[PDB]
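Okay, protein34.csv now, which holds CSV, C-alpha atoms and all ligand atoms:
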```csv
chain,number,residue,atom,x,y,z
S,4,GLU,CA,3.2,86.0,83.8
S,5,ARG,CA,2.3,89.6,83.8
S,6,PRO,CA,1.1,91.4,87.0
S,7,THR,CA,-2.2,93.2,87.7
S,8,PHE,CA,-2.2,97.0,87.3
S,9,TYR,CA,-4.4,99.7,88.9
S,10,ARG,CA,-5.0,103.2,87.6
S,11,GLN,CA,-5.3,106.4,89.6
S,12,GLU,CA,-4.9,110.2,89.1
S,13,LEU,CA,-2.3,112.1,91.2
S,14,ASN,CA,-1.9,115.9,90.8
S,15,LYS,CA,-3.2,116.2,87.2
S,16,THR,CA,-1.3,113.0,86.2
S,17,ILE,CA,-2.4,109.4,85.6
S,18,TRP,CA,-0.5,106.4,87.3
S,19,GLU,CA,-0.9,102.8,86.3
S,20,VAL,CA,1.4,100.6,88.4
S,21,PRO,CA,1.6,96.9,89.6
S,22,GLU,CA,-0.7,96.3,92.6
S,23,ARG,CA,2.4,95.2,94.3
S,24,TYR,CA,3.2,99.0,94.7
S,25,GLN,CA,0.6,100.8,97.0
S,26,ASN,CA,0.2,103.9,99.1
S,27,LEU,CA,1.7,106.2,96.5
S,28,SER,CA,2.4,109.8,97.7
S,29,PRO,CA,4.0,112.5,95.6
S,30,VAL,CA,7.5,113.6,96.8
S,31,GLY,CA,9.4,116.8,96.0
S,32,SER,CA,7.3,119.7,94.8
S,33,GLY,CA,7.7,118.4,91.3
S,34,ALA,CA,11.5,119.2,91.6
S,35,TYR,CA,12.4,115.5,90.8
S,36,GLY,CA,9.7,115.3,88.2
S,37,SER,CA,6.9,112.7,88.4
S,38,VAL,CA,8.0,110.7,91.4
S,39,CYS,CA,6.0,109.0,94.2
S,40,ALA,CA,6.9,107.3,97.4
S,41,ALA,CA,5.5,103.8,97.8
S,42,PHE,CA,5.3,100.6,99.9
S,43,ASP,CA,6.6,97.5,98.1
S,44,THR,CA,4.5,94.6,99.2
S,45,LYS,CA,7.1,92.1,97.8
S,46,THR,CA,9.8,93.4,100.3
S,47,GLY,CA,8.0,95.5,102.9
S,48,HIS,CA,10.2,98.7,102.3
S,49,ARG,CA,9.6,102.2,101.0
S,50,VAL,CA,10.4,102.7,97.3
S,51,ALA,CA,10.4,105.6,94.8
S,52,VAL,CA,8.5,105.3,91.6
S,53,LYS,CA,9.3,107.7,88.8
S,54,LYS,CA,7.1,108.0,85.7
S,55,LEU,CA,9.1,109.5,82.8
S,56,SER,CA,7.5,112.5,81.1
S,57,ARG,CA,7.0,112.2,77.3
S,58,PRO,CA,9.8,109.6,77.0
S,59,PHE,CA,9.4,109.2,73.2
S,60,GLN,CA,8.1,112.7,72.3
S,61,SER,CA,11.1,113.2,69.9
S,62,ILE,CA,14.2,111.4,68.7
S,63,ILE,CA,16.2,113.1,71.4
S,64,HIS,CA,13.8,112.2,74.1
S,65,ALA,CA,13.7,108.6,72.9
S,66,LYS,CA,17.5,108.3,73.0
S,67,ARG,CA,17.7,110.0,76.4
S,68,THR,CA,15.1,107.6,77.8
S,69,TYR,CA,17.0,104.6,76.3
S,70,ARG,CA,20.3,106.0,77.7
S,71,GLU,CA,18.8,106.4,81.2
S,72,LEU,CA,17.4,102.9,81.3
S,73,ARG,CA,20.6,101.4,80.0
S,74,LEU,CA,22.8,103.2,82.6
S,75,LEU,CA,20.4,102.4,85.5
S,76,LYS,CA,20.3,98.7,84.5
S,77,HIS,CA,24.1,98.6,84.6
S,78,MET,CA,24.7,100.1,88.1
S,79,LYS,CA,25.3,97.4,90.7
S,80,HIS,CA,27.3,99.1,93.5
S,81,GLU,CA,26.5,100.2,97.1
S,82,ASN,CA,27.4,103.8,96.4
S,83,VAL,CA,25.6,104.2,93.1
S,84,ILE,CA,21.8,104.3,92.6
S,85,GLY,CA,20.4,101.0,91.4
S,86,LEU,CA,17.3,99.9,89.6
S,87,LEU,CA,14.9,97.8,91.6
S,88,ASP,CA,12.2,97.6,89.0
S,89,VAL,CA,11.1,99.0,85.6
S,90,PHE,CA,7.7,98.3,84.2
S,91,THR,CA,5.1,99.5,81.8
S,92,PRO,CA,1.4,98.8,81.6
S,93,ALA,CA,1.6,98.0,77.9
S,94,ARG,CA,1.1,94.4,76.9
S,95,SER,CA,2.9,94.8,73.5
S,96,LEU,CA,5.3,97.2,71.7
S,97,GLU,CA,2.4,98.6,69.6
S,98,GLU,CA,0.8,100.2,72.8
S,99,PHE,CA,4.1,101.0,74.6
S,100,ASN,CA,4.4,104.6,75.5
S,101,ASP,CA,5.0,105.0,79.2
S,102,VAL,CA,8.0,103.9,81.3
S,103,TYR,CA,8.1,103.6,85.1
S,104,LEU,CA,11.3,103.3,87.2
S,105,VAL,CA,11.6,102.1,90.7
S,106,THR,CA,14.5,102.9,93.0
S,107,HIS,CA,15.1,103.0,96.7
S,108,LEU,CA,13.6,106.0,98.5
S,109,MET,CA,16.6,108.2,99.1
S,110,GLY,CA,16.8,109.9,102.5
S,111,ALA,CA,18.1,113.5,102.0
S,112,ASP,CA,20.7,115.0,99.8
S,113,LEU,CA,24.1,116.4,100.9
S,114,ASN,CA,23.0,120.0,100.9
S,115,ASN,CA,20.5,118.9,103.6
S,116,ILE,CA,23.2,117.4,105.9
S,120,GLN,CA,26.5,123.5,109.4
S,121,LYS,CA,29.9,122.0,108.6
S,122,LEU,CA,30.5,118.3,109.2
S,123,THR,CA,33.1,116.7,111.4
S,124,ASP,CA,36.3,115.7,109.7
S,125,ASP,CA,35.4,112.1,110.3
S,126,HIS,CA,32.0,112.6,108.7
S,127,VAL,CA,33.7,114.2,105.6
S,128,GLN,CA,36.2,111.2,105.3
S,129,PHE,CA,33.3,108.7,105.2
S,130,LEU,CA,31.1,110.7,102.8
S,131,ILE,CA,33.9,111.5,100.4
S,132,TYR,CA,35.2,108.0,100.7
S,133,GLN,CA,31.9,106.6,99.6
S,134,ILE,CA,31.8,109.1,96.7
S,135,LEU,CA,35.2,108.1,95.5
S,136,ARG,CA,34.3,104.4,95.8
S,137,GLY,CA,31.3,104.8,93.6
S,138,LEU,CA,33.3,107.0,91.2
S,139,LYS,CA,36.0,104.3,90.9
S,140,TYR,CA,33.2,101.9,89.9
S,141,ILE,CA,31.5,104.1,87.3
S,142,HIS,CA,34.8,105.4,85.9
S,143,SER,CA,36.1,101.8,85.4
S,144,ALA,CA,33.1,101.3,83.1
S,145,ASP,CA,34.1,104.5,81.0
S,146,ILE,CA,31.1,106.2,82.5
S,147,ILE,CA,31.6,109.9,83.5
S,148,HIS,CA,29.0,111.4,85.8
S,149,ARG,CA,29.7,115.1,84.8
S,150,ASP,CA,27.1,116.7,87.0
S,151,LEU,CA,28.3,115.8,90.5
S,152,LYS,CA,27.0,118.2,93.2
S,153,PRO,CA,25.5,118.0,96.7
S,154,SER,CA,21.9,117.7,95.3
S,155,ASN,CA,23.0,114.6,93.3
S,156,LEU,CA,24.3,112.8,96.5
S,157,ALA,CA,21.8,110.8,98.6
S,158,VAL,CA,22.6,109.9,102.2
S,159,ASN,CA,20.6,108.0,104.7
S,160,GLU,CA,20.6,108.2,108.5
S,161,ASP,CA,23.6,105.8,108.7
S,162,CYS,CA,25.5,108.3,106.5
S,163,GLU,CA,25.4,105.7,103.8
S,164,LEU,CA,25.8,107.5,100.5
S,165,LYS,CA,24.7,106.9,96.9
S,166,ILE,CA,25.5,108.8,93.7
S,167,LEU,CA,22.7,109.6,91.4
S,168,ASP,CA,21.6,112.2,88.8
S,169,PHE,CA,18.1,113.7,89.3
S,170,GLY,CA,18.5,115.9,86.2
S,171,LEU,CA,16.2,119.0,85.7
S,184,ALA,CA,24.0,125.6,90.3
S,185,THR,CA,26.0,123.0,88.4
S,186,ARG,CA,28.6,125.6,87.4
S,187,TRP,CA,29.9,126.0,90.9
S,188,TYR,CA,31.1,122.3,90.8
S,189,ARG,CA,32.2,122.1,87.2
S,190,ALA,CA,35.8,121.3,86.1
S,191,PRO,CA,37.3,124.3,84.3
S,192,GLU,CA,38.4,122.4,81.2
S,193,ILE,CA,34.8,121.5,80.4
S,194,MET,CA,33.7,125.1,80.9
S,195,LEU,CA,35.9,126.5,78.1
S,196,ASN,CA,36.1,123.3,76.1
S,197,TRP,CA,40.0,123.0,76.2
S,201,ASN,CA,38.5,112.9,80.8
S,202,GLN,CA,37.0,111.1,83.8
S,203,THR,CA,38.8,113.4,86.3
S,204,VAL,CA,36.2,116.2,85.6
S,205,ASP,CA,34.3,114.2,88.3
S,206,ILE,CA,37.3,114.5,90.7
S,207,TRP,CA,37.3,118.2,90.3
S,208,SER,CA,33.7,118.3,91.5
S,209,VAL,CA,34.5,116.0,94.4
S,210,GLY,CA,37.1,118.5,95.4
S,211,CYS,CA,34.5,121.3,95.4
S,212,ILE,CA,32.1,119.2,97.4
S,213,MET,CA,34.7,118.1,99.9
S,214,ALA,CA,35.8,121.7,100.5
S,215,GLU,CA,32.2,122.8,101.1
S,216,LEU,CA,31.6,120.0,103.7
S,217,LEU,CA,34.8,121.1,105.5
S,218,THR,CA,34.2,124.9,105.5
S,219,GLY,CA,30.5,125.1,105.3
S,220,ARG,CA,30.7,127.4,102.2
S,221,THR,CA,30.5,127.0,98.5
S,222,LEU,CA,34.1,127.1,97.4
S,223,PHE,CA,33.5,128.7,94.0
S,224,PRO,CA,30.1,130.4,94.0
S,225,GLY,CA,30.5,132.0,90.6
S,226,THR,CA,27.6,134.1,89.1
S,227,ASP,CA,28.3,133.0,85.5
S,228,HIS,CA,31.0,131.3,83.5
S,229,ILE,CA,33.6,134.1,83.4
S,230,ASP,CA,33.2,134.9,87.1
S,231,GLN,CA,33.3,131.1,87.9
S,232,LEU,CA,36.7,130.9,86.1
S,233,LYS,CA,37.9,134.1,87.9
S,234,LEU,CA,37.2,132.5,91.3
S,235,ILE,CA,38.8,129.2,90.3
S,236,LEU,CA,42.1,130.8,89.2
S,237,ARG,CA,42.3,133.0,92.3
S,238,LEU,CA,42.8,129.8,94.3
S,239,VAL,CA,44.7,127.5,91.9
S,240,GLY,CA,46.6,130.2,89.9
S,241,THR,CA,46.8,131.0,86.2
S,242,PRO,CA,48.0,128.2,84.0
S,243,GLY,CA,51.7,127.8,83.4
S,244,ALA,CA,53.5,127.0,80.2
S,245,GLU,CA,53.4,123.3,81.0
S,246,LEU,CA,49.6,123.5,80.9
S,247,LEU,CA,49.7,126.2,78.2
S,248,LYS,CA,51.5,123.8,75.9
S,249,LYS,CA,48.4,121.5,76.0
S,250,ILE,CA,45.6,124.1,75.1
S,251,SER,CA,44.7,123.5,71.4
S,252,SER,CA,41.8,126.0,71.3
S,253,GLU,CA,43.6,129.2,70.2
S,254,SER,CA,40.9,131.5,71.6
S,255,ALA,CA,41.2,129.8,74.9
S,256,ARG,CA,45.0,130.3,75.0
S,257,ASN,CA,44.8,134.0,74.2
S,258,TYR,CA,42.1,134.6,76.9
S,259,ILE,CA,44.1,132.9,79.7
S,260,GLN,CA,47.3,134.7,78.7
S,261,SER,CA,45.5,138.0,78.7
S,262,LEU,CA,44.2,137.7,82.3
S,263,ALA,CA,46.2,139.0,85.2
S,264,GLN,CA,48.8,136.4,86.3
S,265,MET,CA,47.5,135.2,89.6
S,266,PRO,CA,49.6,133.0,91.9
S,267,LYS,CA,48.7,129.5,93.0
S,268,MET,CA,47.5,129.8,96.6
S,269,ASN,CA,48.8,127.4,99.3
S,270,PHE,CA,45.7,125.5,100.5
S,271,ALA,CA,46.9,125.4,104.1
S,272,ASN,CA,46.4,129.2,104.2
S,273,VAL,CA,42.8,128.8,102.8
S,274,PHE,CA,41.5,125.8,104.7
S,275,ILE,CA,43.1,127.0,107.9
S,276,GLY,CA,42.7,124.5,110.8
S,277,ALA,CA,41.5,121.7,108.6
S,278,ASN,CA,43.0,118.2,108.8
S,279,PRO,CA,46.3,118.5,106.8
S,280,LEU,CA,45.5,115.2,105.1
S,281,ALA,CA,42.3,116.7,103.9
S,282,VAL,CA,44.2,119.8,102.7
S,283,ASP,CA,46.8,117.6,100.9
S,284,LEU,CA,44.0,115.7,99.2
S,285,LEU,CA,42.3,118.9,98.1
S,286,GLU,CA,45.7,119.9,96.5
S,287,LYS,CA,45.6,116.7,94.5
S,288,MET,CA,42.0,117.0,93.3
S,289,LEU,CA,41.8,120.7,92.5
S,290,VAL,CA,44.6,121.0,90.0
S,291,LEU,CA,44.0,122.7,86.7
S,292,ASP,CA,45.9,120.3,84.5
S,293,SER,CA,43.5,117.3,84.1
S,294,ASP,CA,46.5,115.0,83.4
S,295,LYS,CA,47.8,115.7,86.9
S,296,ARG,CA,44.6,115.4,88.8
S,297,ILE,CA,44.3,112.5,91.2
S,298,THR,CA,42.0,109.6,90.0
S,299,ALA,CA,39.2,108.0,92.1
S,300,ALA,CA,41.3,104.8,92.6
S,301,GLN,CA,44.5,106.7,93.6
S,302,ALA,CA,42.4,108.9,95.9
S,303,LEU,CA,41.0,105.8,97.7
S,304,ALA,CA,44.6,105.1,98.8
S,305,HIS,CA,45.3,108.6,100.1
S,306,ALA,CA,46.2,108.5,103.8
S,307,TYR,CA,43.1,110.7,104.6
S,308,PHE,CA,40.9,107.6,104.1
S,309,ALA,CA,43.2,105.3,106.1
S,310,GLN,CA,40.4,104.1,108.4
S,311,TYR,CA,37.9,103.3,105.6
S,312,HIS,CA,40.2,102.2,102.8
S,313,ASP,CA,39.7,98.5,101.9
S,314,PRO,CA,41.4,97.6,98.6
S,315,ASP,CA,39.7,94.2,98.7
S,316,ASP,CA,36.2,95.9,98.8
S,317,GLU,CA,36.5,98.7,96.2
S,318,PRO,CA,35.3,96.8,93.1
S,319,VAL,CA,35.2,97.8,89.5
S,320,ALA,CA,32.3,97.4,87.1
S,321,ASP,CA,31.5,95.0,84.3
S,322,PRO,CA,32.2,96.6,80.8
S,323,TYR,CA,29.5,98.9,79.6
S,324,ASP,CA,28.6,98.9,75.9
S,325,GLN,CA,27.9,102.5,75.0
S,326,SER,CA,28.3,102.1,71.2
S,327,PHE,CA,24.6,103.1,70.8
S,328,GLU,CA,25.6,106.7,71.6
S,329,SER,CA,27.1,107.3,68.2
S,330,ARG,CA,24.0,106.0,66.4
S,331,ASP,CA,21.3,108.0,64.6
S,332,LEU,CA,18.0,106.1,64.7
S,333,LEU,CA,14.4,107.0,64.3
S,334,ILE,CA,12.1,107.7,67.2
S,335,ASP,CA,10.4,104.3,66.9
S,336,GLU,CA,13.6,102.4,66.9
S,337,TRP,CA,14.8,104.0,70.1
S,338,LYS,CA,11.4,103.2,71.5
S,339,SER,CA,11.7,99.5,70.5
S,340,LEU,CA,15.2,99.3,72.1
S,341,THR,CA,13.8,100.8,75.3
S,342,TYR,CA,11.1,98.1,75.1
S,343,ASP,CA,13.7,95.4,74.8
S,344,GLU,CA,15.5,96.6,77.9
S,345,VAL,CA,12.2,96.7,79.9
S,346,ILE,CA,11.4,93.1,79.0
S,347,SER,CA,14.9,91.7,79.4
S,348,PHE,CA,15.1,93.2,82.9
S,349,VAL,CA,15.9,90.7,85.6
S,350,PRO,CA,15.1,92.0,89.2
S,351,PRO,CA,17.8,91.8,91.8
S,352,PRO,CA,17.9,89.9,95.2
Z,1,LIG,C1,23.2,113.4,81.8
Z,1,LIG,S1,22.2,112.1,81.1
Z,1,LIG,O1,22.2,112.3,79.7
Z,1,LIG,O2,22.7,110.9,81.7
Z,1,LIG,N1,20.7,112.3,81.7
Z,1,LIG,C2,20.2,113.7,81.9
Z,1,LIG,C3,20.2,114.1,83.4
Z,1,LIG,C4,19.6,113.0,84.3
Z,1,LIG,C5,20.3,111.7,84.0
Z,1,LIG,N2,20.1,110.7,85.1
Z,1,LIG,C6,20.4,109.4,85.0
Z,1,LIG,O3,20.6,108.8,83.9
Z,1,LIG,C7,20.5,108.6,86.3
Z,1,LIG,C8,21.1,107.2,86.2
Z,1,LIG,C9,22.5,107.1,85.7
Z,1,LIG,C10,23.6,107.8,86.5
Z,1,LIG,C11,25.0,107.7,85.8
Z,1,LIG,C12,26.1,108.2,86.7
Z,1,LIG,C13,26.1,107.6,88.1
Z,1,LIG,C14,24.8,107.8,88.8
Z,1,LIG,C15,23.6,107.3,87.9
Z,1,LIG,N3,19.2,108.6,86.9
Z,1,LIG,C16,19.1,108.6,88.3
Z,1,LIG,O4,20.0,108.8,89.0
Z,1,LIG,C17,17.7,108.4,88.9
Z,1,LIG,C18,16.7,107.7,88.2
Z,1,LIG,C19,15.5,107.5,88.9
Z,1,LIG,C20,15.3,108.0,90.2
Z,1,LIG,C21,14.0,107.6,90.9
Z,1,LIG,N4,14.0,108.0,92.3
Z,1,LIG,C22,13.8,109.2,92.8
Z,1,LIG,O5,13.5,110.1,92.1
Z,1,LIG,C23,13.9,109.4,94.3
Z,1,LIG,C24,14.4,108.5,95.2
Z,1,LIG,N5,14.4,109.1,96.4
Z,1,LIG,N6,14.0,110.3,96.2
Z,1,LIG,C25,13.9,111.2,97.3
Z,1,LIG,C26,15.0,111.6,98.0
Z,1,LIG,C27,14.9,112.5,99.1
Z,1,LIG,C28,13.7,112.9,99.6
Z,1,LIG,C29,12.6,112.5,98.9
Z,1,LIG,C30,12.6,111.7,97.8
Z,1,LIG,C31,13.7,110.6,94.9
Z,1,LIG,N7,13.2,111.7,94.5
Z,1,LIG,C32,16.3,108.7,90.8
Z,1,LIG,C33,17.5,108.9,90.1
Z,1,LIG,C34,20.1,111.3,82.5
```
Let me see the file written as C-alpha cells.
Amino acid sequence: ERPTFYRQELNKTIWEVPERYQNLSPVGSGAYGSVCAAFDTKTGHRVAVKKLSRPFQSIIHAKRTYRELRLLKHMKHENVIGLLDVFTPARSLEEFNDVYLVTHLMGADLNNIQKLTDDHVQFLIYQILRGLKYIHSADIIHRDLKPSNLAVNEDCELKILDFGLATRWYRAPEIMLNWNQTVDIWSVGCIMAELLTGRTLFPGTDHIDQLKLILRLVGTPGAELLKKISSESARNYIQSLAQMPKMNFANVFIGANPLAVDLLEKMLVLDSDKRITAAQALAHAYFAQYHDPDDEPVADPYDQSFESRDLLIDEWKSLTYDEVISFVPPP
C-alpha cells in the first residue's frame, strides 16, 4: 500500500516525498547537506528530511549509505538520534537510486548553548554518557563526538548524532598516532571541560600541536603505558619529547565542582585501558541526582559483519533497498 508522492525543486535540487510530508524549507546553509524541515501530517510535529547525495555513486558510497541506514535503524534510545521514516519514490529495485531519511528536527547543537551552570553540565554530560553506554554495549563506537554532533532542545534534552561533512580538538590521542570504545570517553572529557570553563580545552592547530597541548595537561607517558606501545616509531617520538609532568586538574579547573574535576581525571587519562567507561561513569558521584541504574538500558546486538565484506556497487544498493522495504515505523 504505497503512498502518493509529489515532486518539487528546492535550491537546484529535486525532492519527491510522501504527501504526508509538507511545507518543506531548507535548513542549514547546506552545512548538513540536503536537509529540509517539514510538517508531518501523521503526527502534527516538525521533522527533518534528508536526501542523500549520490548514495550509490561508487562502491564506497554504496557501502557508506548502507552503513548509515543500518546504524540508524538500530538506534532506539532517548539520547541517540532515531529514524522516524525512510523512503524512496522508486516502485522497484530497478529504478531505485534515491534515499530519503526522516528524523526529528533537532533544536540547536551544544556549541550554540557562555559557560553553563554545574547543574546544566551534569545533566548534559549525564545524557551523553547514557547514550554512549547504549551504543557502546552494541559494539558501536561513535569516534567523532564533539559539540556540533550533540543536539539539545529547550528542555535541555540531549541526543547524540553524527552529521558528517575541528574534530581533532576532541580526538583521543591513541587514535591520532595509531598506537577501544573509550576513545569516545576521551571526547566527552574534552566536551565536559569546555562546558565548565567556556574554552576549548585542547585547541590544537594540527596533529603535533594537538598532542603537545594534550601532554602538557596529562603528562608524558610512563613506562607502564610505554610497555604497551607496539608502534616503534610512536615509542621513539614520545621518548624524545621533553618529559612533562602530569598536571593536577584542581589547579587547572580552579573553582569547579570537585566531583566534576575528579571525573575529568578519570576520563582524560592517556592509557586507554585505565580510562573510565560510560557505564562506570554513570555511577560517578557527580551524577548522583540523575543516576538511575534501572533506566540506563543497553542495546540489542548489532550485526556489523557486513563491514568486512567486499561487494559490488549494485549489491550494496540491493541491500540498502532491503533495509528500506523491511523498515517498520515506530510508535
Ligand atoms: C562515520 S560513518 O562512517 O558512520 N558515517 C560518516 C559520517 C556521518 C555518519 N552519520 C551517521 O551514520 C549517523 C547515524 C549513526 C550514528 C552512530 C553513532 C551514534 C549516533 C548515530 N547519522 C546521523 O546521525 C543523522 C542522519 C540523518 C539526519 C537527518 N536530520 C538532520 O539533518 C537534522 C535534524 N535536525 N537538524 C537541525 C538541527 C538544528 C537546527 C536545524 C536543523 C538537522 N539538520 C541527522 C543525523 C556516517
Residue nearest ligand LIG 1 (chain Z) among S:109, S:87, S:303, S:34 (counting all atoms listed in the file):
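Closest to ligand LIG 1 (chain Z), using all atoms listed in the file: S:109.
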Residues of chain S that approach ligand LIG 1 (chain Z) to 7 Å or less, counting all atoms listed in the file: could you list each one with the shortest pair of atoms and its distance in Å to one decimal, rows by chain and increasing residue number, as CSV?
```
residue,atom,partner,partner_atom,distance
S:30,CA,Z:LIG1,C30,5.5
S:31,CA,Z:LIG1,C29,6.1
S:35,CA,Z:LIG1,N7,5.4
S:38,CA,Z:LIG1,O5,5.6
S:51,CA,Z:LIG1,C24,5.0
S:52,CA,Z:LIG1,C21,6.0
S:53,CA,Z:LIG1,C21,5.1
S:67,CA,Z:LIG1,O1,6.0
S:70,CA,Z:LIG1,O2,6.8
S:71,CA,Z:LIG1,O3,4.0
S:74,CA,Z:LIG1,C9,5.0
S:75,CA,Z:LIG1,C8,4.9
S:83,CA,Z:LIG1,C14,5.7
S:84,CA,Z:LIG1,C15,5.9
S:104,CA,Z:LIG1,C19,6.2
S:105,CA,Z:LIG1,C21,6.0
S:106,CA,Z:LIG1,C21,5.2
S:107,CA,Z:LIG1,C24,5.7
S:108,CA,Z:LIG1,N5,3.8
S:109,CA,Z:LIG1,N5,3.6
S:110,CA,Z:LIG1,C27,4.7
S:111,CA,Z:LIG1,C27,4.4
S:112,CA,Z:LIG1,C27,6.4
S:141,CA,Z:LIG1,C13,6.5
S:146,CA,Z:LIG1,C12,6.8
S:147,CA,Z:LIG1,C12,6.6
S:148,CA,Z:LIG1,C12,4.4
S:157,CA,Z:LIG1,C26,6.9
S:166,CA,Z:LIG1,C14,5.0
S:167,CA,Z:LIG1,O4,3.7
S:168,CA,Z:LIG1,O4,3.8
S:169,CA,Z:LIG1,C33,4.9
S:170,CA,Z:LIG1,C4,3.6
S:171,CA,Z:LIG1,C3,6.7
```
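The smallest atom-to-atom distance between residue S:193 and any of S:331, S:150, S:283, S:43, using all atoms listed in the file, is found for S:150.
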Distance in Å - atom CA of residue S:342 versus atom CA of residue S:99
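It comes out at 7.6 Å.
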Let me make sure I understand: among S:215, S:292, S:253, S:22, which one has the smallest atom-to-atom distance to residue S:187 if we use only C-alpha atoms?
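With only C-alpha atoms as the atom set, the closest residue is S:215.
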One decimal, in Å: what's the spacing between atom CA of residue S:255 and atom CA of residue S:195?
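A separation of 7.0 Å between them.
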Name all residues at most 12 Å from residue S:189 (count all atoms listed in the file; drop same-chain ones fewer than 3 positions away) and give them as an NGL selection string.
:S and (148-152 or 184-186 or 192-196 or 203-212 or 222-225 or 227-228 or 231-232 or 235 or 289 or 291)
I need the residue nearest residue S:159 from this list: S:347, S:202, S:115, S:61. Use only C-alpha atoms for the distance.
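Closest to residue S:159 of all the choices is S:115.
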Residues around (31.3, 97.7, 78.1), cut-off 12 Å, counting all atoms listed in the file - what are they as a PyMOL selection string?
chain S and resi 73-74+77+141-146+320-327
I need the residues from that last selection saved to file as a compact mmCIF listing (two decimals), in the coordinates of the input (with C-alpha atoms), if you can.
```txt
# COMPACT_ATOMS: atom_id res chain seq x y z
CA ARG S 73 20.60 101.40 80.00
CA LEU S 74 22.80 103.20 82.60
CA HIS S 77 24.10 98.60 84.60
CA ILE S 141 31.50 104.10 87.30
CA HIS S 142 34.80 105.40 85.90
CA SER S 143 36.10 101.80 85.40
CA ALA S 144 33.10 101.30 83.10
CA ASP S 145 34.10 104.50 81.00
CA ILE S 146 31.10 106.20 82.50
CA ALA S 320 32.30 97.40 87.10
CA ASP S 321 31.50 95.00 84.30
CA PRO S 322 32.20 96.60 80.80
CA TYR S 323 29.50 98.90 79.60
CA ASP S 324 28.60 98.90 75.90
CA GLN S 325 27.90 102.50 75.00
CA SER S 326 28.30 102.10 71.20
CA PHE S 327 24.60 103.10 70.80
```
Rounded to one decimal place, report the atom CA of residue S:229-atom CA of residue S:155 distance in Å.
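Distance between the two atoms: 24.3 Å.
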Just give me the residues with any atom within 12 Å of (15.5, 102.8, 78.8), file coordinates, counting only C-alpha atoms, written as number ranges by chain.
S: 55, 58-59, 64-77, 86, 88-91, 100-104, 337-348
Need to verify the contact set: residue S:213, 8 Å, all atoms listed in the file, exclusion of same-chain residues closer than 6 positions in sequence. Can you return it as a ChimeraX atom specification?
/S:127,131,285
Minimum-distance residue to residue S:259, chosen among S:162, S:197, S:217, S:133 (using all atoms listed in the file)
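Under the stated criterion, the closest residue is S:197.
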